[PDB]
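What follows is the content of coords.cif (mmCIF, C-alpha atoms and all ligand atoms).
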data_entry
loop_
_atom_site.label_atom_id
_atom_site.label_comp_id
_atom_site.auth_asym_id
_atom_site.auth_seq_id
_atom_site.Cartn_x
_atom_site.Cartn_y
_atom_site.Cartn_z
CA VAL A 1 0.00 0.00 0.00
CA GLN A 2 1.40 3.40 -0.85
CA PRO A 3 1.95 5.72 2.13
CA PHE A 4 0.03 8.87 2.77
CA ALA A 5 1.60 12.09 1.45
CA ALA A 6 2.34 13.53 4.88
CA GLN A 7 4.48 10.42 5.63
CA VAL A 8 7.00 10.91 2.83
CA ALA A 9 9.70 13.51 2.19
CA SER A 10 8.53 17.02 1.17
CA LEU A 11 8.76 17.95 -2.51
CA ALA A 12 9.50 21.48 -1.52
CA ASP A 13 12.44 20.29 0.62
CA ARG A 14 13.64 18.08 -2.23
CA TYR A 15 13.75 21.01 -4.65
CA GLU A 16 14.81 23.71 -2.21
CA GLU A 17 18.06 24.46 -4.05
CA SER A 18 16.28 24.65 -7.47
CA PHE A 19 12.79 26.21 -7.41
CA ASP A 20 9.54 26.62 -5.44
CA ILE A 21 7.07 23.76 -5.50
CA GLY A 22 3.54 25.09 -5.78
CA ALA A 23 -0.13 24.16 -6.03
CA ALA A 24 -3.31 25.68 -7.30
CA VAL A 25 -5.98 25.85 -4.67
CA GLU A 26 -9.53 26.80 -3.79
CA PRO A 27 -10.31 28.24 -0.36
CA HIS A 28 -12.05 24.96 0.68
CA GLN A 29 -8.84 23.08 0.03
CA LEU A 30 -6.91 24.94 2.67
CA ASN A 31 -8.04 22.46 5.34
CA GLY A 32 -8.59 18.79 5.73
CA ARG A 33 -6.32 16.34 4.05
CA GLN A 34 -5.67 18.81 1.22
CA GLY A 35 -4.51 21.49 3.59
CA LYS A 36 -2.26 18.99 5.33
CA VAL A 37 -0.72 17.89 2.01
CA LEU A 38 -0.28 21.55 1.07
CA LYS A 39 1.58 22.48 4.18
CA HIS A 40 3.78 19.41 3.97
CA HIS A 41 4.80 19.42 0.34
CA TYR A 42 4.56 22.95 -1.07
CA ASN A 43 6.06 26.37 -0.51
CA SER A 44 4.00 28.32 -3.06
CA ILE A 45 0.34 28.57 -3.87
CA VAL A 46 -1.82 30.12 -6.55
CA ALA A 47 -5.63 30.55 -6.68
CA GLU A 48 -7.25 28.16 -9.11
CA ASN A 49 -10.16 30.54 -9.54
CA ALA A 50 -10.51 33.05 -6.73
CA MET A 51 -8.26 35.74 -8.25
CA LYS A 52 -9.60 35.66 -11.80
CA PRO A 53 -11.24 38.87 -12.97
CA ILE A 54 -14.83 37.68 -12.57
CA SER A 55 -13.99 36.39 -9.07
CA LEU A 56 -12.74 39.80 -7.91
CA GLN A 57 -14.86 42.38 -9.74
CA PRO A 58 -18.04 40.62 -10.81
CA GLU A 59 -19.93 43.84 -11.40
CA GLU A 60 -18.51 47.21 -12.12
CA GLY A 61 -17.10 48.67 -8.92
CA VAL A 62 -18.31 45.67 -6.89
CA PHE A 63 -15.24 43.87 -5.52
CA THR A 64 -15.50 40.53 -3.83
CA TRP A 65 -12.35 39.67 -1.90
CA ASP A 66 -13.30 36.90 0.57
CA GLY A 67 -11.93 33.83 -1.30
CA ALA A 68 -8.82 35.59 -2.51
CA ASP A 69 -8.15 37.01 1.00
CA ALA A 70 -8.46 33.50 2.51
CA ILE A 71 -5.75 32.26 0.14
CA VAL A 72 -3.52 35.21 0.88
CA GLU A 73 -3.96 34.76 4.62
CA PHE A 74 -3.09 31.05 4.32
CA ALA A 75 0.07 31.91 2.35
CA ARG A 76 1.06 34.45 5.05
CA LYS A 77 0.45 32.10 7.96
CA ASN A 78 2.29 29.25 6.27
CA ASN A 79 5.21 31.27 4.91
CA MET A 80 4.41 30.33 1.32
CA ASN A 81 5.09 32.27 -1.81
CA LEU A 82 2.02 33.39 -3.78
CA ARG A 83 1.43 33.67 -7.44
CA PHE A 84 -1.38 35.91 -8.61
CA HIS A 85 -3.56 34.37 -11.31
CA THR A 86 -4.58 36.50 -13.20
CA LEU A 87 -5.06 40.19 -13.99
CA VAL A 88 -6.24 39.72 -17.61
CA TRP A 89 -7.88 36.73 -19.35
CA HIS A 90 -10.62 36.24 -22.00
CA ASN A 91 -12.29 33.59 -19.84
CA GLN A 92 -13.68 34.00 -16.30
CA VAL A 93 -13.88 37.68 -16.98
CA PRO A 94 -17.05 39.64 -16.47
CA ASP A 95 -18.88 40.81 -19.56
CA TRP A 96 -19.51 44.33 -18.15
CA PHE A 97 -15.91 45.21 -19.12
CA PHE A 98 -16.77 44.96 -22.79
CA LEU A 99 -20.10 46.82 -22.90
CA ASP A 100 -20.30 50.33 -24.21
CA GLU A 101 -21.99 53.29 -22.48
CA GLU A 102 -25.35 52.14 -23.91
CA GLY A 103 -24.88 48.65 -22.47
CA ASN A 104 -24.15 46.99 -25.78
CA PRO A 105 -21.18 44.85 -26.80
CA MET A 106 -18.29 47.03 -27.87
CA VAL A 107 -17.30 44.40 -30.43
CA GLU A 108 -20.42 45.18 -32.48
CA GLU A 109 -19.60 48.83 -32.93
CA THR A 110 -19.07 49.83 -36.59
CA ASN A 111 -18.31 53.55 -36.15
CA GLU A 112 -14.53 53.77 -35.85
CA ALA A 113 -14.55 56.95 -33.72
CA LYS A 114 -16.91 55.19 -31.25
CA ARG A 115 -14.63 52.11 -31.42
CA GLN A 116 -11.75 54.34 -30.33
CA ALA A 117 -13.84 55.76 -27.50
CA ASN A 118 -14.68 52.15 -26.47
CA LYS A 119 -10.99 51.21 -26.54
CA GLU A 120 -10.21 54.04 -24.13
CA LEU A 121 -13.09 53.10 -21.85
CA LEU A 122 -12.01 49.43 -21.70
CA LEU A 123 -8.37 50.31 -21.07
CA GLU A 124 -9.53 52.63 -18.27
CA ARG A 125 -11.61 49.88 -16.76
CA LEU A 126 -8.62 47.54 -17.02
CA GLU A 127 -6.35 50.09 -15.29
CA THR A 128 -8.86 50.46 -12.48
CA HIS A 129 -9.21 46.71 -12.00
CA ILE A 130 -5.43 46.22 -11.88
CA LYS A 131 -4.80 49.19 -9.61
CA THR A 132 -7.41 48.12 -7.13
CA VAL A 133 -6.27 44.48 -7.01
CA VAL A 134 -2.57 45.21 -7.00
CA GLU A 135 -2.92 47.82 -4.22
CA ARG A 136 -4.63 45.19 -2.07
CA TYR A 137 -2.14 42.39 -2.65
CA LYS A 138 1.20 43.97 -3.59
CA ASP A 139 2.93 43.06 -0.33
CA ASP A 140 1.91 39.40 -0.62
CA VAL A 141 2.31 38.39 -4.26
CA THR A 142 5.67 37.01 -5.39
CA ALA A 143 4.81 36.55 -9.12
CA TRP A 144 1.97 38.14 -11.11
CA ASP A 145 0.29 36.49 -14.16
CA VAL A 146 -0.36 39.93 -15.64
CA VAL A 147 -1.87 38.56 -18.81
CA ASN A 148 -2.99 35.03 -19.55
CA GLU A 149 -3.37 33.29 -22.92
CA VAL A 150 -2.98 36.36 -25.15
CA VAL A 151 -1.15 34.44 -27.88
CA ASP A 152 -3.02 32.38 -30.45
CA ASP A 153 -2.34 28.68 -31.18
CA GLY A 154 -2.52 29.43 -34.92
CA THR A 155 -1.92 32.51 -37.00
CA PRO A 156 -5.09 34.59 -37.40
CA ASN A 157 -3.07 37.83 -37.73
CA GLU A 158 0.50 38.78 -38.41
CA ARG A 159 1.55 38.80 -34.77
CA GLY A 160 -0.16 35.54 -33.78
CA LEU A 161 -2.24 37.33 -31.11
CA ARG A 162 -5.42 35.71 -29.83
CA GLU A 163 -8.43 37.55 -31.26
CA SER A 164 -10.33 37.64 -28.04
CA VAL A 165 -12.56 40.58 -27.11
CA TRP A 166 -9.50 42.28 -25.62
CA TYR A 167 -7.73 42.22 -28.98
CA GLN A 168 -10.84 43.04 -31.01
CA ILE A 169 -11.38 46.15 -28.89
CA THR A 170 -7.81 47.30 -28.14
CA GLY A 171 -5.40 45.44 -30.43
CA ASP A 172 -2.28 44.76 -28.39
CA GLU A 173 -2.74 47.82 -26.20
CA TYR A 174 -4.42 45.92 -23.37
CA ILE A 175 -1.21 43.93 -22.92
CA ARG A 176 0.91 47.08 -22.68
CA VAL A 177 -1.51 48.74 -20.32
CA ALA A 178 -1.71 45.68 -18.12
CA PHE A 179 2.07 45.39 -17.67
CA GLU A 180 2.60 49.14 -17.22
CA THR A 181 -0.18 49.37 -14.68
CA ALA A 182 0.98 46.32 -12.75
CA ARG A 183 4.53 47.76 -12.56
CA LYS A 184 3.28 51.20 -11.50
CA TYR A 185 1.23 49.85 -8.62
CA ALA A 186 3.15 46.75 -7.55
CA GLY A 187 6.54 48.38 -7.52
CA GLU A 188 9.84 48.02 -9.29
CA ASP A 189 10.69 44.69 -7.60
CA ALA A 190 7.39 42.92 -8.51
CA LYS A 191 7.86 39.98 -10.87
CA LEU A 192 5.58 40.34 -13.83
CA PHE A 193 4.72 37.35 -16.01
CA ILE A 194 2.99 36.53 -19.27
CA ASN A 195 1.36 33.12 -18.86
CA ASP A 196 0.25 30.70 -21.57
CA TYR A 197 -0.13 27.09 -22.55
CA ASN A 198 1.52 25.21 -25.48
CA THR A 199 4.55 27.44 -24.95
CA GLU A 200 6.75 24.48 -26.00
CA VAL A 201 5.33 24.15 -29.50
CA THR A 202 5.20 26.28 -32.58
CA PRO A 203 3.84 28.45 -33.97
CA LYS A 204 2.72 29.59 -30.55
CA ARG A 205 6.09 29.36 -28.90
CA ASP A 206 7.52 31.76 -31.54
CA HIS A 207 4.54 34.09 -31.49
CA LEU A 208 5.11 34.43 -27.75
CA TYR A 209 8.86 34.86 -28.24
CA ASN A 210 8.26 37.66 -30.74
CA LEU A 211 5.64 39.32 -28.56
CA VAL A 212 7.92 39.48 -25.55
CA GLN A 213 10.76 40.79 -27.63
CA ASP A 214 8.46 43.45 -29.07
CA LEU A 215 7.23 44.47 -25.61
CA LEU A 216 10.73 44.56 -24.20
CA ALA A 217 11.97 46.71 -27.11
CA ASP A 218 9.16 49.17 -26.37
CA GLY A 219 10.15 49.31 -22.65
CA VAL A 220 7.09 47.41 -21.48
CA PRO A 221 7.96 45.87 -18.09
CA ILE A 222 7.93 42.07 -18.35
CA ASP A 223 10.03 39.83 -16.17
CA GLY A 224 9.10 36.32 -16.96
CA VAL A 225 7.21 33.71 -18.93
CA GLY A 226 4.75 31.36 -17.27
CA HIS A 227 4.54 27.93 -18.93
CA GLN A 228 1.20 26.41 -18.00
CA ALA A 229 2.52 22.92 -18.86
CA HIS A 230 -0.83 21.20 -19.48
CA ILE A 231 1.01 18.27 -20.95
CA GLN A 232 0.74 14.56 -21.72
CA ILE A 233 2.93 11.54 -21.09
CA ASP A 234 4.51 11.57 -24.56
CA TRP A 235 4.03 15.18 -25.71
CA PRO A 236 5.64 17.70 -25.90
CA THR A 237 9.14 16.29 -25.95
CA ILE A 238 11.71 17.03 -23.30
CA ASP A 239 13.82 18.87 -25.83
CA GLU A 240 10.82 21.00 -26.88
CA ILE A 241 10.29 22.03 -23.26
CA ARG A 242 14.04 22.69 -22.87
CA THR A 243 14.34 24.80 -26.00
CA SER A 244 11.40 27.01 -25.05
CA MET A 245 12.78 27.74 -21.57
CA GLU A 246 16.25 28.42 -23.03
CA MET A 247 14.76 30.84 -25.58
CA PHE A 248 13.09 32.90 -22.89
CA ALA A 249 16.09 32.76 -20.56
CA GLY A 250 18.18 34.06 -23.48
CA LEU A 251 16.10 37.22 -23.41
CA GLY A 252 16.88 37.64 -19.72
CA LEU A 253 13.39 36.50 -18.68
CA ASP A 254 12.61 34.16 -15.80
CA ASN A 255 10.66 30.95 -16.43
CA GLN A 256 8.02 29.49 -14.19
CA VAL A 257 6.05 26.33 -14.72
CA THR A 258 2.64 27.48 -13.59
CA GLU A 259 -0.13 24.91 -14.11
CA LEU A 260 1.60 21.54 -14.45
CA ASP A 261 -0.51 18.43 -14.95
CA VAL A 262 0.45 15.22 -16.80
CA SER A 263 -2.72 13.89 -18.32
CA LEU A 264 -3.07 10.18 -18.96
CA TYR A 265 -4.71 10.97 -22.31
CA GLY A 266 -3.86 12.44 -25.70
CA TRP A 267 -5.93 15.15 -27.32
CA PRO A 268 -8.84 14.54 -27.63
CA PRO A 269 -8.90 12.59 -24.38
CA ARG A 270 -10.89 9.58 -25.56
CA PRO A 271 -11.47 6.87 -24.89
CA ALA A 272 -10.95 7.65 -21.17
CA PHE A 273 -10.92 5.19 -18.28
CA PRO A 274 -14.41 5.53 -16.77
CA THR A 275 -13.26 5.48 -13.12
CA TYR A 276 -10.00 5.81 -11.19
CA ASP A 277 -9.97 2.10 -10.37
CA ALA A 278 -10.24 1.26 -14.06
CA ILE A 279 -6.88 2.91 -14.69
CA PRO A 280 -4.21 0.22 -15.22
CA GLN A 281 -1.15 0.37 -13.07
CA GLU A 282 0.98 0.39 -16.22
CA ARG A 283 -0.38 3.82 -17.13
CA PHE A 284 0.79 5.18 -13.74
CA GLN A 285 4.23 3.72 -14.51
CA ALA A 286 4.38 5.50 -17.81
CA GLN A 287 3.38 8.70 -16.00
CA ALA A 288 6.10 8.08 -13.43
CA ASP A 289 8.77 7.80 -16.14
CA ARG A 290 7.45 11.03 -17.64
CA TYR A 291 7.60 12.79 -14.33
CA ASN A 292 11.12 11.62 -13.70
CA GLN A 293 12.30 13.02 -17.05
CA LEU A 294 10.43 16.31 -16.53
CA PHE A 295 11.92 16.93 -13.08
CA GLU A 296 15.41 15.92 -14.24
CA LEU A 297 15.01 18.57 -16.90
CA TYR A 298 13.68 21.18 -14.50
CA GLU A 299 16.68 20.56 -12.25
CA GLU A 300 18.97 20.93 -15.23
CA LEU A 301 17.35 24.27 -16.00
CA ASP A 302 17.15 25.53 -12.45
CA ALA A 303 19.39 28.56 -13.01
CA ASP A 304 16.58 29.84 -15.25
CA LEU A 305 13.47 28.36 -13.62
CA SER A 306 12.31 29.74 -10.26
CA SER A 307 9.08 27.92 -9.54
CA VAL A 308 7.17 24.80 -10.54
CA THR A 309 3.44 24.81 -9.71
CA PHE A 310 0.98 21.95 -10.29
CA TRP A 311 -2.60 22.78 -11.27
CA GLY A 312 -3.99 21.08 -8.18
CA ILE A 313 -2.91 18.89 -5.27
CA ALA A 314 -4.16 15.31 -5.64
CA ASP A 315 -6.07 13.25 -8.16
CA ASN A 316 -9.46 13.80 -6.50
CA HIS A 317 -9.72 17.31 -7.99
CA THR A 318 -8.59 18.27 -11.49
CA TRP A 319 -10.03 20.24 -14.42
CA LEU A 320 -8.82 17.29 -16.52
CA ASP A 321 -11.79 15.26 -15.26
CA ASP A 322 -14.22 17.83 -16.75
CA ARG A 323 -12.25 17.49 -19.98
CA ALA A 324 -12.43 13.71 -19.86
CA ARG A 325 -16.21 13.82 -19.21
CA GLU A 326 -16.78 16.27 -22.04
CA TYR A 327 -15.22 13.85 -24.58
CA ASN A 328 -16.64 10.62 -23.14
CA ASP A 329 -20.40 11.14 -22.69
CA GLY A 330 -20.16 12.40 -19.09
CA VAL A 331 -17.94 9.61 -17.82
CA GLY A 332 -14.18 9.59 -17.43
CA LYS A 333 -11.37 10.10 -14.93
CA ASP A 334 -7.87 11.52 -15.37
CA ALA A 335 -5.07 11.28 -12.74
CA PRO A 336 -2.43 13.95 -13.41
CA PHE A 337 -0.55 14.42 -10.11
CA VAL A 338 1.91 12.58 -7.89
CA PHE A 339 -0.75 12.07 -5.15
CA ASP A 340 -3.81 9.86 -5.57
CA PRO A 341 -7.42 10.66 -4.59
CA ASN A 342 -6.91 9.53 -1.03
CA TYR A 343 -3.66 11.52 -0.75
CA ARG A 344 -1.46 8.45 -1.03
CA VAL A 345 1.70 8.78 -3.07
CA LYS A 346 1.83 7.39 -6.63
CA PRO A 347 4.74 5.88 -8.57
CA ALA A 348 5.44 9.36 -9.97
CA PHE A 349 6.16 10.66 -6.45
CA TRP A 350 8.92 8.16 -5.90
CA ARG A 351 10.48 9.03 -9.24
CA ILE A 352 10.67 12.76 -8.45
CA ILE A 353 11.71 12.55 -4.79
CA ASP A 354 14.87 10.58 -5.66
CL CL A 401 -10.36 33.37 -28.24
MG MG A 402 13.93 10.71 -10.43
NA NA A 403 15.87 28.20 -9.84
#

How would this structure read if it were set down as structure tokens?
Amino acid sequence: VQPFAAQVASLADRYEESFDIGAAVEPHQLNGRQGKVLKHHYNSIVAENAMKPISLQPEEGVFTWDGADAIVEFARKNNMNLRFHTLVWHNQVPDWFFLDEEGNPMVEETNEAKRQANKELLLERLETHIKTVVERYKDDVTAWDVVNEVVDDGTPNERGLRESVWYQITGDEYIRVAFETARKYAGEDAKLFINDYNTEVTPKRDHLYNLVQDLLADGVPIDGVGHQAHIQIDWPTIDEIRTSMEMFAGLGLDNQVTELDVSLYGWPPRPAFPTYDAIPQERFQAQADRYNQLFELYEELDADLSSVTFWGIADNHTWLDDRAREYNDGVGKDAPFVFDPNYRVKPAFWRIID
């Protein structure tokens, strides 16, 4: 029988000379077995949802801080670092941002002068959201996801920027405003990140590379690149991950791995195992080999990698299950972490603690 997580050596202790070991959390996960695992294994946390724009400012000028504050207070009490996720995203963002003075979607406006007025209004709203949040949390946050997922996976425009509402309304200016505002209110020492997934693979990797070089050349304050690392057992390759981190380090940017999970499935994730107990032990072994290689690499890159955060704690809670159910008629279970649903260690744990 595998031991419980609190009975084995701490991942944070294991990696103390290399990088933080973090987890994404909800306020309800700060106690019980999850809270115990958190305190034992991790020295950094991030909010899975509580610090997203819709979670903090759900209506204009109506700020709701309780969940985010609970996470901050836990980080303080437990001497953990804290990543802020996220100031800007095109999901989990309230629609009121993108409505004009008449209450209609800014994207539908056809008068270009009115479009420019809408751009200014949205950028003002964005400045206010960032100022208010940053002023509250600036003494607690150790890395800010200033913008999230602003780069496209394909090439819909020359710069490979995601054509979300932010882009449709403001072009790239929301990205500049976000970084400049975060710097202004968080201070000169605050570590400002651009976060994205599929940062290991092109064309996205190069769109992001070009975007950061463009920002930097314009004096936009950017300190680091967040690699979500929603990955699989076989993809992307170790050398793909390596090359991406080296590219960003070459620009003088920090790397963080921000949302790590190693799914048991390819894309699309079907067919999925219908329950956790249906998952064959061999698949956990393949995951363990993957995890060993990933953490060997992260250690190799530790002069340019400051923090490695998993997108959850243990296999009882993961957004990958929603994904599995979506592609398998409501039934399916993934298992992306080194701790199982009862907080026992998995084969992967043993291969990254050694
Ligand atoms: Cl989009
Ligand atoms: Mg190992
Ligand atoms: Na490091």

Can I get the residues of chain A within 6 Å of ligand CL 401 (chain A), each with the closest pair of atoms and their distance in Å to one decimal, using only C-alpha atoms and all ligand atoms, sorted chain first then ascending number, as JSON lines?
{"residue": "A:162", "atom": "CA", "partner": "A:CL401", "partner_atom": "CL", "distance": 5.7}
{"residue": "A:163", "atom": "CA", "partner": "A:CL401", "partner_atom": "CL", "distance": 5.5}
{"residue": "A:164", "atom": "CA", "partner": "A:CL401", "partner_atom": "CL", "distance": 4.3}

Test item: residues no farther than 10 Å from ligand MG 402 (chain A), counting all atoms listed in the file, as a PDB file with C-alpha atoms, in the coordinates of the input:
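Result file pocket_2.pdb:
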ATOM      1  CA  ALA A 288       6.100   8.080 -13.430  1.00  0.00           C
ATOM      2  CA  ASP A 289       8.770   7.800 -16.140  1.00  0.00           C
ATOM      3  CA  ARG A 290       7.450  11.030 -17.640  1.00  0.00           C
ATOM      4  CA  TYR A 291       7.600  12.790 -14.330  1.00  0.00           C
ATOM      5  CA  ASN A 292      11.120  11.620 -13.700  1.00  0.00           C
ATOM      6  CA  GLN A 293      12.300  13.020 -17.050  1.00  0.00           C
ATOM      7  CA  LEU A 294      10.430  16.310 -16.530  1.00  0.00           C
ATOM      8  CA  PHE A 295      11.920  16.930 -13.080  1.00  0.00           C
ATOM      9  CA  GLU A 296      15.410  15.920 -14.240  1.00  0.00           C
ATOM     10  CA  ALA A 348       5.440   9.360  -9.970  1.00  0.00           C
ATOM     11  CA  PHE A 349       6.160  10.660  -6.450  1.00  0.00           C
ATOM     12  CA  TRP A 350       8.920   8.160  -5.900  1.00  0.00           C
ATOM     13  CA  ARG A 351      10.480   9.030  -9.240  1.00  0.00           C
ATOM     14  CA  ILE A 352      10.670  12.760  -8.450  1.00  0.00           C
ATOM     15  CA  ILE A 353      11.710  12.550  -4.790  1.00  0.00           C
ATOM     16  CA  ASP A 354      14.870  10.580  -5.660  1.00  0.00           C
TER      17      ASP A 354
END

- Note on the structure: Atom pair atom CA of residue A:28 + atom CA of residue A:78, distance 16.0 Å

Mind running chain A against ligand NA 403 (chain A) at 7 Å and telling me each contacting residue's nearest atom pair with the distance in Å (one decimal), counting all atoms listed in the file, chain and number ascending, as a tab-separated table?
residue	atom	partner	partner_atom	distance
A:18	CA	A:NA403	NA	4.3
A:19	CA	A:NA403	NA	4.4
A:302	CA	A:NA403	NA	3.9
A:303	CA	A:NA403	NA	4.8
A:304	CA	A:NA403	NA	5.7
A:305	CA	A:NA403	NA	4.5
A:306	CA	A:NA403	NA	3.9
A:307	CA	A:NA403	NA	6.8

- atom CA of residue A:251 sits from atom CA of residue A:154 at a separation of 23.2 Å

- For atom CA of residue A:220 and atom CA of residue A:188, the interatomic separation in Å (one decimal): 12.5 Å

- Message: Counting only C-alpha atoms, which residues have an atom no more than 10 Å from (-11.1, 45.4, -28.8) in the file's coordinates? Please list them as a list in words.
- Response: residues 98, 106, 107, 115, 116, 118, 119, 120, 122, 123, 163, 164, 165, 166, 167, 168, 169, 170, 171, 172, 173 and 174 of chain A

Take the residues from that selection and write them out as a compact mmCIF listing (two decimals), in the frame of the given file, keeping C-alpha atoms.
# COMPACT_ATOMS: atom_id res chain seq x y z
CA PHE A 98 -16.77 44.96 -22.79
CA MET A 106 -18.29 47.03 -27.87
CA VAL A 107 -17.30 44.40 -30.43
CA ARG A 115 -14.63 52.11 -31.42
CA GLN A 116 -11.75 54.34 -30.33
CA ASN A 118 -14.68 52.15 -26.47
CA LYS A 119 -10.99 51.21 -26.54
CA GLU A 120 -10.21 54.04 -24.13
CA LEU A 122 -12.01 49.43 -21.70
CA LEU A 123 -8.37 50.31 -21.07
CA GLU A 163 -8.43 37.55 -31.26
CA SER A 164 -10.33 37.64 -28.04
CA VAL A 165 -12.56 40.58 -27.11
CA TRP A 166 -9.50 42.28 -25.62
CA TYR A 167 -7.73 42.22 -28.98
CA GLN A 168 -10.84 43.04 -31.01
CA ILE A 169 -11.38 46.15 -28.89
CA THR A 170 -7.81 47.30 -28.14
CA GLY A 171 -5.40 45.44 -30.43
CA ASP A 172 -2.28 44.76 -28.39
CA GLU A 173 -2.74 47.82 -26.20
CA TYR A 174 -4.42 45.92 -23.37

- Note on the structure: One residue among A:196, A:26, A:73, A:340 is nearest to residue A:4 when using all atoms listed in the file, and that residue is A:340

Considering all atoms listed in the file, tabulate each residue of stretch 213-315 of chain A that lies at most 9 Å from stretch 142-145 of chain A along with its nearest interatomic pair and the corresponding distance in Å to one decimal; arrange the rows by chain and ascending residue number and present them as a tab-separated table.
residue	atom	partner	partner_atom	distance
A:224	CA	A:143	CA	8.9
A:225	CA	A:145	CA	8.9
A:226	CA	A:145	CA	7.5

Residue A:131: which residues within 9 Å, counting all atoms listed in the file, same-chain residues fewer than 4 positions away excluded, as a short mmCIF file (atom, residue, chain, number, x, y, z; two decimals) with C-alpha atoms, in the coordinates of the input?
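Once written, out-v9.cif looks like this:
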data_model
loop_
_atom_site.label_atom_id
_atom_site.label_comp_id
_atom_site.auth_asym_id
_atom_site.auth_seq_id
_atom_site.Cartn_x
_atom_site.Cartn_y
_atom_site.Cartn_z
CA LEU A 126 -8.62 47.54 -17.02
CA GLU A 127 -6.35 50.09 -15.29
CA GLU A 135 -2.92 47.82 -4.22
CA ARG A 136 -4.63 45.19 -2.07
CA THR A 181 -0.18 49.37 -14.68
CA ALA A 182 0.98 46.32 -12.75
CA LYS A 184 3.28 51.20 -11.50
CA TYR A 185 1.23 49.85 -8.62
CA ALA A 186 3.15 46.75 -7.55
#
